[PDB]
Amino acid sequence: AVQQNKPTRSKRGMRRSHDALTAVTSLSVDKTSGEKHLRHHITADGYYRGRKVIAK
Amino acid sequence: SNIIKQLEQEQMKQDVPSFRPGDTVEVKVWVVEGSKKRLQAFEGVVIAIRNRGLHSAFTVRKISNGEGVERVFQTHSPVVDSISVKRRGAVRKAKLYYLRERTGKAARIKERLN
Amino acid sequence: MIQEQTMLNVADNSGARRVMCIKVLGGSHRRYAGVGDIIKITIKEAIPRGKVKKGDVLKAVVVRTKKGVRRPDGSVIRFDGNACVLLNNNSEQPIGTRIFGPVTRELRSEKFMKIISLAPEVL
Amino acid sequence: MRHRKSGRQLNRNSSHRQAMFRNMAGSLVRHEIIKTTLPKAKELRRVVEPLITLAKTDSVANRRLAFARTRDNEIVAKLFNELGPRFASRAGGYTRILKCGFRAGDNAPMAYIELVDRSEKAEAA
Amino acid sequence: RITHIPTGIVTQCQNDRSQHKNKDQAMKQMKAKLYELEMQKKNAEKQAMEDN
Amino acid sequence: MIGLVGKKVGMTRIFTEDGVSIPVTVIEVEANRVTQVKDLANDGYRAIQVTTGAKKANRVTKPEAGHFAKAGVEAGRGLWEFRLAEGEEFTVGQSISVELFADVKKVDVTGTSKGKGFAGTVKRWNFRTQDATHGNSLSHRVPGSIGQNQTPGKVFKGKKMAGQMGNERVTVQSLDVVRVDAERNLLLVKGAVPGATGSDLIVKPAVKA
RNA sequence: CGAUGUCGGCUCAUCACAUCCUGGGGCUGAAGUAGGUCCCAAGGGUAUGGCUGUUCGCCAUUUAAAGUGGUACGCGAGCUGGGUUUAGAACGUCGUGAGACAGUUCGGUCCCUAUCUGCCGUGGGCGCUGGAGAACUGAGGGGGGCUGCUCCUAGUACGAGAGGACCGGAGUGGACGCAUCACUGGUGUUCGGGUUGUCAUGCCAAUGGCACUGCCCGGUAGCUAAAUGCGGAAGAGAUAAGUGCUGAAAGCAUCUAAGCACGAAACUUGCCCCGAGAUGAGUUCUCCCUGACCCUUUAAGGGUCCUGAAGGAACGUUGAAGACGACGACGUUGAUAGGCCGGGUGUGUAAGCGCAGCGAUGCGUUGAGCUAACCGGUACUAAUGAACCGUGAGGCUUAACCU
RNA sequence: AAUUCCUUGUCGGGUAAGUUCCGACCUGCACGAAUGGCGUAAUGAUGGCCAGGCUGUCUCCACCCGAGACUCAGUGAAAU
RNA sequence: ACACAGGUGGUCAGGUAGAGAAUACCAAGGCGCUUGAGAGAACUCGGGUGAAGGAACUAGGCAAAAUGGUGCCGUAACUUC
RNA sequence: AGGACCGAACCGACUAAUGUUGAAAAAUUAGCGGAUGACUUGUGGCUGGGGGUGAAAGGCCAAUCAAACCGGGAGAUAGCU
């Protein structure tokens, strides 16, 4: 099964209307270190909701 | 639920004997022989017991006029009048479905004796 | 659940020994006979002399099944083999004058009252 | 349909699953804290916490029953003589799952799964 | 396939390509095979009457 | 007539004295507080609107809250209209209970079927499979032809095909009531009603015989 | 002719009516039962096997009935490949021969990841004129619509007898559909047990790995049919053929011209489902926002400041919801999942120690030990303060009341 | 009949029902004696038919275990 | 044509079971096959189990199921013995 | 003893399913036939195109065969597209 006419560059864009990424809406800031991070994730320097949970 | 647990155990008979598989068991049963209402016995070996509170049941194999009959009973039915253990069997399993193939000397069960 | 091509033993004394079902009667597309149901049959084995011969086509009534019957309280009777009583094709009375093995209350009607006399045991 | 069904298949077969969680349990009891994919960690809870609960009671039968589910005597030692004592009071819920981010190689969601009581002198020694 | 509804005697033809040949051929055999059950009534109502 | 909104607790059975086992669904119909009443004047049709159970004060929204306050009544796990016969009359705030099915002989239970997800034509529509062997080539449970060619050259609307099955409103009609139990807030109907345990159920009297 | 792949079978259908059954009628060489024939009627229904590649047909046994046609003699980018239609070989036959036969016979590669239309499902955007959260109405659309046998009516009507009803009521079947898991069952490589070979944990004992889950035996929850609940309706409207009543034109007659009544599974409703994108974008309830300032080409105009509501989304724990989205529950003022406790269920009397036995083994401790998805509890673990989107009373014209 | 058009010849056997099979008949369209005739134990991934066993082949499908399908990340074709 | 499930002569021959160079589990030794991570729909692929029935399937028992070892007893027509 | 029997290696290729822009321009998985011989296999050699070789299928002769491949006559000829 295969096309009988070339699809336009119109239809190609129309299809890709939905291909776009949602950006991460906003970042939690930690109370201790003041670092920014993903909600519910530890920080780049090992903090989560106050306490240092990693030795790094 | 505790809603269903309470509707069931206002129906459960209090007075059922302990019996376990291998036990030979006579089970009496209201039949309507007409418009009259007789008891009819049914002796044989208990091959299988389901335990589910009210839904609890048990299967009984006998050899009746040269012909094998199982009969499942629903324990807590009023059709079952009474249950009554003749002989106590000594078997390792919970289900004696291997008795279906066997007849006679093979399908003997040891008595438990204790 | 007797159906076309099922082989049954014969409960009566009529002459036959094995028979094969060949219709389930009483409907279009009807799949199964259970107990107390009429089926058309043919005779396969038959003992050397007796009322009926091999190849005879006639009716029977199913009186025991392995699948089992059910009773109103949830109880099941299963048997260990499928079985039937041979009948005349037209009157639909029994041919056999004795009946071997136990049978059931599901027969208990106007029609098969002759059998539940002759049975050794009704369960 | 999987209406009301526990377990995660994890794109493996039952004998591979079984053995993974044997190794992964053992790794956690040795080190008290591992990095692993989120969904594996969540299924490591349902294996580890039953061993810790087993070792609250010492016996011999229990030791052997633990050794049937670990196959490592260094582990059952540490379960019975170091974590049965530590979590004597605690009624379940011995393991914490923290989410890091995402494994560079294949963009998988990662997560630490530590034990709850961690004074920090039993990974090296 | 012609068939006589009174008796039960049938015929065919299908040697030909043309349906109309096959029909008028099978009409011939149907004439013959109804003439043949004039002989088997005629001959069996001699030897009915001639036996007694 | 109106009916009530309950909850499929689950199934069990009732042995009668004469022998029989009746299989029953159990339906908890804790009592249905009327909120709103509708009337030929304002709404253009006659109907009540009822609620049941409890929401938690915080998990209610401000536009819900005000609707329930207006009536008088504590908030419940949703809302549900019922139309009204000639002569029937309910004021607001007027807890209807399962005593309404005291005299009633049959009912018409209605809620959401279980959720099978994406279902194939065999499961969904009872399409009979094809041969498992004698040469079949990647076509054991697929649905065969879907038309003709060229006339009419298109597949007709409402062709039975695969796709979502269940999770849909469903009625069952003319279920015998076995027991009503005012004190435990119950209702035991013979047989089987749609939905999972926990699902909500609109129970009405039988529209038919 | 720079290809429109063939009979039959499978799967899935769909329309016509010249109706096979069920429904309504008229005539009968219609006593009754049972038939014959014609008119209306397309709602639903409308076999299984033996033989053959077969369609067709014959035969067996059912059925209320096994209707006739159209759709590329419906359906191979859906299946099959028996038949026919390549190359091998053989028989009969024709030909001097190569070879040939709408003669027969054995054997013989069936590709395609779906762009557009269409169909089944499921979302995003915008719109519906301030924004939000609920519940509805119902324009329109879809599903469903089958029927047997037994009993009463009654051995009454009918008939010389043989036999034997309509009309109406009651019960129990077949087939088809929807739901469900309480029962009977199936499954249950996540629960328990037995057992072969072998390797390991130092060895004994006890365990584990591998051998299709090694082979087996039971089996929880879920899913499920063979399991068990329910369904087809009554009724109403307007009609078909048909039957009539009054009744002229045509002093009578006439169902018809005016007028009036009946009249069927068809039609419109009644039952079930979808349904305001019904752009003709409907209704009802509740909730939220009640600030300054400046400029230009002065208008449903542009900008700066303070303000950020209702609610929403996002994130997390998740679900009898699920391809993904979506839908539902919960997020510490918390039972949303995991663990934990207790129960339940399943397996069937663990290990260890003791006793008996030369030993395998047996007994005692012991209905022991273990026990998934279940029921009931329990904040032990994880569901974080926040941030993010969404504003600031909502156009003009005309009328009707209220000032 | 690997040969018979008419032909599903006729008769018998086997099946509830057998255009195939087996035994016969002879009306051999158009068998026939080394382009061999008629027979034949054994042999055959050879053609036809029947029976026991066994079965999800089917009545009529149900559930389960794995690999893809689907979602995310990286790479990235083709006929037309 | 590829870092291709194909093809390629000769030699060596450990343990336990076993007739065996078959098959299972292992030693010596060597590998985890150069995309992963989730999910647990239809449908397809490769497997397992199945109530009652048992070839009714079909062109045809195609496919699947079943049979299966050693020793001992016992074994028909027909036969070129 | 045997163109004897069962059955691995080795030689083959009957059935099915998969694959059919493949893992593969003929394979894979599960079964299947021969397996002391008219067997099988390595190395080297001979036979050449109207010629070879053929337990014969018009089979094979470098993925090509009712007349190989490479170059030449050669811009063959084409009342056809």
# chains A, B, ... in the order shown; residues from 1 in each chain; ligands from 1
>>> closest_atom_pairs(of="chain B", to="chain C", cutoff="6 Å", atoms="only C-alpha atoms", output="tab-separated table")
residue	atom	partner	partner_atom	distance
B:65	CA	C:101	CA	5.2
B:68	CA	C:80	CA	5.2
B:69	CA	C:79	CA	4.6
B:70	CA	C:78	CA	5.2
B:71	CA	C:77	CA	4.5
B:72	CA	C:76	CA	5.2
B:73	CA	C:75	CA	5.1
>>> write_last_selection(atoms="C-alpha atoms", output="PDB file, in the first residue's frame")
ATOM      1  CA  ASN B  65     -25.599 -50.117  40.848  1.00  0.00           C
ATOM      2  CA  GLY B  68     -19.883 -44.215  39.581  1.00  0.00           C
ATOM      3  CA  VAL B  69     -21.789 -41.157  40.863  1.00  0.00           C
ATOM      4  CA  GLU B  70     -20.286 -37.929  42.163  1.00  0.00           C
ATOM      5  CA  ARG B  71     -22.617 -35.528  43.856  1.00  0.00           C
ATOM      6  CA  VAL B  72     -21.565 -32.041  44.916  1.00  0.00           C
ATOM      7  CA  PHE B  73     -23.463 -30.719  47.970  1.00  0.00           C
TER       8      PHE B  73
END
>>> select_by_dssp(residues="region 20-96 of chain B", states="strand (DSSP E)", output="ChimeraX atom specification")
/B:24-31,38-40,43-50,57-63,68-74,80-87
>>> residues_around(residues="residue 75 (chain H)", least_positions_apart="2", cutoff="12 Å", atoms="only C-alpha atoms (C1' of nucleotides)", output="list in words")
residues 73 and 77 of chain H; 35 and 36 of chain I
>>> write_last_selection(atoms="C-alpha atoms (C1' of nucleotides)", output="PDB file, in the first residue's frame")
ATOM      1  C1'   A H  73      14.897   8.197  24.355  1.00  0.00           C
ATOM      2  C1'   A H  77      15.139   3.149   5.196  1.00  0.00           C
TER       3        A H  77
ATOM      4  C1'   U I  35      20.147  -0.057  20.576  1.00  0.00           C
ATOM      5  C1'   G I  36      17.913   0.448  25.290  1.00  0.00           C
TER       6        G I  36
END
>>> closest_residue(among="C:82, C:14, C:61, C:53", to="chain I", atoms="only C-alpha atoms (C1' of nucleotides)")
C:82
>>> atom_distance(atom1="CA of residue 168 (chain F)", atom2="CA of residue 123 (chain F)")
16.1 Å
>>> interface_residues(of="chain D", to="chain G", cutoff="7 Å", atoms="only C-alpha atoms (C1' of nucleotides)", output="MDAnalysis selection string")
chainID D and resid 3:7 14 49 61 68 71 90:97
>>> write_last_selection(atoms="N, CA, C and O atoms", output="JSON list (two decimals), in the first residue's frame")
[["chain", "number", "residue", "atom", "x", "y", "z"],
["D", 3, "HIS", "N", -7.15, -6.49, 35.27],
["D", 3, "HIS", "CA", -7.97, -5.98, 36.35],
["D", 3, "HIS", "C", -7.52, -6.71, 37.61],
["D", 3, "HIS", "O", -7.60, -7.93, 37.69],
["D", 4, "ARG", "N", -6.96, -5.96, 38.56],
["D", 4, "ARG", "CA", -6.73, -6.42, 39.94],
["D", 4, "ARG", "C", -5.56, -7.39, 40.07],
["D", 4, "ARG", "O", -5.61, -8.34, 40.86],
["D", 5, "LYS", "N", -4.50, -7.12, 39.32],
["D", 5, "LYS", "CA", -3.41, -8.06, 39.15],
["D", 5, "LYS", "C", -2.12, -7.41, 39.59],
["D", 5, "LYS", "O", -1.73, -6.38, 39.05],
["D", 6, "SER", "N", -1.44, -8.01, 40.57],
["D", 6, "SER", "CA", -0.14, -7.49, 41.00],
["D", 6, "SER", "C", 0.97, -8.03, 40.13],
["D", 6, "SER", "O", 0.76, -8.93, 39.33],
["D", 7, "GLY", "N", 2.15, -7.46, 40.32],
["D", 7, "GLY", "CA", 3.36, -7.90, 39.63],
["D", 7, "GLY", "C", 3.68, -7.00, 38.46],
["D", 7, "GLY", "O", 2.78, -6.40, 37.88],
["D", 14, "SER", "N", 9.86, -15.32, 33.87],
["D", 14, "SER", "CA", 9.69, -15.52, 35.30],
["D", 14, "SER", "C", 10.95, -15.95, 36.05],
["D", 14, "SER", "O", 11.17, -15.53, 37.18],
["D", 49, "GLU", "N", 11.32, -6.02, 51.80],
["D", 49, "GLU", "CA", 10.67, -5.73, 53.07],
["D", 49, "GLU", "C", 10.15, -7.02, 53.73],
["D", 49, "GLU", "O", 10.15, -7.12, 54.95],
["D", 61, "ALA", "N", 14.84, -22.11, 61.26],
["D", 61, "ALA", "CA", 13.90, -22.15, 60.15],
["D", 61, "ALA", "C", 13.82, -20.83, 59.37],
["D", 61, "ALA", "O", 13.83, -20.84, 58.14],
["D", 68, "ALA", "N", 16.93, -19.50, 51.45],
["D", 68, "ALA", "CA", 16.25, -19.95, 50.24],
["D", 68, "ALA", "C", 15.82, -18.81, 49.30],
["D", 68, "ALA", "O", 15.59, -19.04, 48.12],
["D", 71, "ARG", "N", 20.14, -16.91, 48.83],
["D", 71, "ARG", "CA", 21.29, -17.72, 48.46],
["D", 71, "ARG", "C", 22.62, -17.02, 48.72],
["D", 71, "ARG", "O", 23.61, -17.27, 48.02],
["D", 90, "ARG", "N", 9.95, -0.74, 64.21],
["D", 90, "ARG", "CA", 9.31, -0.21, 63.02],
["D", 90, "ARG", "C", 8.40, -1.23, 62.35],
["D", 90, "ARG", "O", 8.84, -2.33, 62.04],
["D", 91, "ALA", "N", 7.14, -0.85, 62.14],
["D", 91, "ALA", "CA", 6.12, -1.74, 61.57],
["D", 91, "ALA", "C", 5.99, -1.52, 60.07],
["D", 91, "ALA", "O", 5.13, -0.76, 59.61],
["D", 92, "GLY", "N", 6.86, -2.19, 59.33],
["D", 92, "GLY", "CA", 6.88, -2.09, 57.88],
["D", 92, "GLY", "C", 7.51, -0.81, 57.41],
["D", 92, "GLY", "O", 7.79, 0.08, 58.21],
["D", 93, "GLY", "N", 7.75, -0.72, 56.11],
["D", 93, "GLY", "CA", 8.12, 0.55, 55.50],
["D", 93, "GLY", "C", 9.53, 0.87, 55.90],
["D", 93, "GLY", "O", 9.80, 1.82, 56.65],
["D", 94, "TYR", "N", 10.41, 0.02, 55.40],
["D", 94, "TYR", "CA", 11.81, 0.01, 55.75],
["D", 94, "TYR", "C", 12.67, 0.68, 54.71],
["D", 94, "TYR", "O", 13.85, 0.93, 54.98],
["D", 95, "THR", "N", 12.11, 0.92, 53.52],
["D", 95, "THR", "CA", 12.86, 1.33, 52.34],
["D", 95, "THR", "C", 12.20, 2.59, 51.84],
["D", 95, "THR", "O", 10.98, 2.70, 51.84],
["D", 96, "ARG", "N", 13.02, 3.53, 51.43],
["D", 96, "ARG", "CA", 12.59, 4.81, 50.92],
["D", 96, "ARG", "C", 12.92, 4.78, 49.42],
["D", 96, "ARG", "O", 13.95, 4.25, 49.03],
["D", 97, "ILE", "N", 12.06, 5.34, 48.58],
["D", 97, "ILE", "CA", 12.40, 5.56, 47.16],
["D", 97, "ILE", "C", 12.42, 7.05, 46.84],
["D", 97, "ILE", "O", 11.40, 7.72, 46.88]]
>>> residues_around(residues="region 51-56 of chain D", least_positions_apart="3", cutoff="6 Å", atoms="only C-alpha atoms (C1' of nucleotides)", output="list in words")
residues 48, 80 and 84 of chain D
>>> decode(residues="region 72-95 of chain C", atoms="N, CA and C atoms", output="mmCIF file, in the first residue's frame")
data_model
loop_
_atom_site.group_PDB
_atom_site.id
_atom_site.type_symbol
_atom_site.label_atom_id
_atom_site.label_comp_id
_atom_site.auth_asym_id
_atom_site.auth_seq_id
_atom_site.Cartn_x
_atom_site.Cartn_y
_atom_site.Cartn_z
ATOM 1 N N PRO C 72 -31.951 -27.210 42.003
ATOM 2 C CA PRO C 72 -32.232 -25.801 42.309
ATOM 3 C C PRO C 72 -31.344 -25.160 43.384
ATOM 4 N N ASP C 73 -30.863 -25.945 44.353
ATOM 5 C CA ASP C 73 -29.973 -25.421 45.405
ATOM 6 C C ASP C 73 -28.499 -25.189 44.998
ATOM 7 N N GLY C 74 -28.118 -25.570 43.772
ATOM 8 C CA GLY C 74 -26.738 -25.417 43.271
ATOM 9 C C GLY C 74 -25.971 -26.732 43.132
ATOM 10 N N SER C 75 -26.276 -27.700 44.004
ATOM 11 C CA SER C 75 -25.938 -29.128 43.831
ATOM 12 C C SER C 75 -25.871 -29.642 42.388
ATOM 13 N N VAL C 76 -24.885 -30.500 42.146
ATOM 14 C CA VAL C 76 -24.679 -31.165 40.870
ATOM 15 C C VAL C 76 -24.672 -32.644 41.156
ATOM 16 N N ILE C 77 -25.329 -33.421 40.305
ATOM 17 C CA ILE C 77 -25.003 -34.832 40.129
ATOM 18 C C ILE C 77 -24.246 -35.000 38.826
ATOM 19 N N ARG C 78 -23.008 -35.458 38.897
ATOM 20 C CA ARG C 78 -22.340 -36.055 37.736
ATOM 21 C C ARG C 78 -22.427 -37.568 37.786
ATOM 22 N N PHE C 79 -22.471 -38.202 36.628
ATOM 23 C CA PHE C 79 -22.238 -39.639 36.544
ATOM 24 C C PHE C 79 -20.856 -39.901 35.960
ATOM 25 N N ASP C 80 -20.515 -41.170 35.755
ATOM 26 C CA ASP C 80 -19.214 -41.525 35.191
ATOM 27 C C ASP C 80 -19.259 -41.896 33.734
ATOM 28 N N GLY C 81 -20.450 -42.160 33.199
ATOM 29 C CA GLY C 81 -20.616 -42.391 31.761
ATOM 30 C C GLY C 81 -21.940 -41.885 31.238
ATOM 31 N N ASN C 82 -21.931 -41.441 29.988
ATOM 32 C CA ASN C 82 -23.153 -41.084 29.275
ATOM 33 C C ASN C 82 -24.042 -42.315 28.972
ATOM 34 N N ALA C 83 -25.370 -42.162 29.043
ATOM 35 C CA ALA C 83 -26.290 -43.307 28.885
ATOM 36 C C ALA C 83 -27.723 -42.953 28.505
ATOM 37 N N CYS C 84 -28.401 -43.905 27.862
ATOM 38 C CA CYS C 84 -29.736 -43.683 27.314
ATOM 39 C C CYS C 84 -30.612 -44.931 27.282
ATOM 40 N N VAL C 85 -31.916 -44.691 27.221
ATOM 41 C CA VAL C 85 -32.922 -45.733 27.110
ATOM 42 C C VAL C 85 -33.516 -45.671 25.712
ATOM 43 N N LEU C 86 -33.506 -46.794 24.990
ATOM 44 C CA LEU C 86 -34.069 -46.828 23.631
ATOM 45 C C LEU C 86 -35.582 -46.746 23.655
ATOM 46 N N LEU C 87 -36.132 -46.067 22.655
ATOM 47 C CA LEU C 87 -37.560 -45.813 22.553
ATOM 48 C C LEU C 87 -38.055 -46.235 21.178
ATOM 49 N N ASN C 88 -39.350 -46.528 21.094
ATOM 50 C CA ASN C 88 -40.032 -46.651 19.812
ATOM 51 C C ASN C 88 -39.983 -45.317 19.066
ATOM 52 N N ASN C 89 -39.970 -45.373 17.736
ATOM 53 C CA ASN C 89 -39.881 -44.156 16.905
ATOM 54 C C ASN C 89 -41.147 -43.281 16.887
ATOM 55 N N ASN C 90 -42.297 -43.868 17.232
ATOM 56 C CA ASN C 90 -43.614 -43.265 16.992
ATOM 57 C C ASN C 90 -44.379 -43.027 18.292
ATOM 58 N N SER C 91 -44.640 -44.098 19.043
ATOM 59 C CA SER C 91 -45.219 -43.979 20.388
ATOM 60 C C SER C 91 -44.298 -43.226 21.362
ATOM 61 N N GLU C 92 -42.985 -43.429 21.216
ATOM 62 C CA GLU C 92 -41.982 -43.026 22.209
ATOM 63 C C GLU C 92 -42.290 -43.586 23.599
ATOM 64 N N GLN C 93 -42.543 -44.889 23.646
ATOM 65 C CA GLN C 93 -42.393 -45.668 24.864
ATOM 66 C C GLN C 93 -41.090 -46.441 24.803
ATOM 67 N N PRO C 94 -40.575 -46.873 25.965
ATOM 68 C CA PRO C 94 -39.463 -47.818 26.012
ATOM 69 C C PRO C 94 -39.657 -49.129 25.237
ATOM 70 N N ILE C 95 -38.537 -49.642 24.738
ATOM 71 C CA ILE C 95 -38.426 -50.979 24.176
ATOM 72 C C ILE C 95 -38.009 -51.960 25.266
#
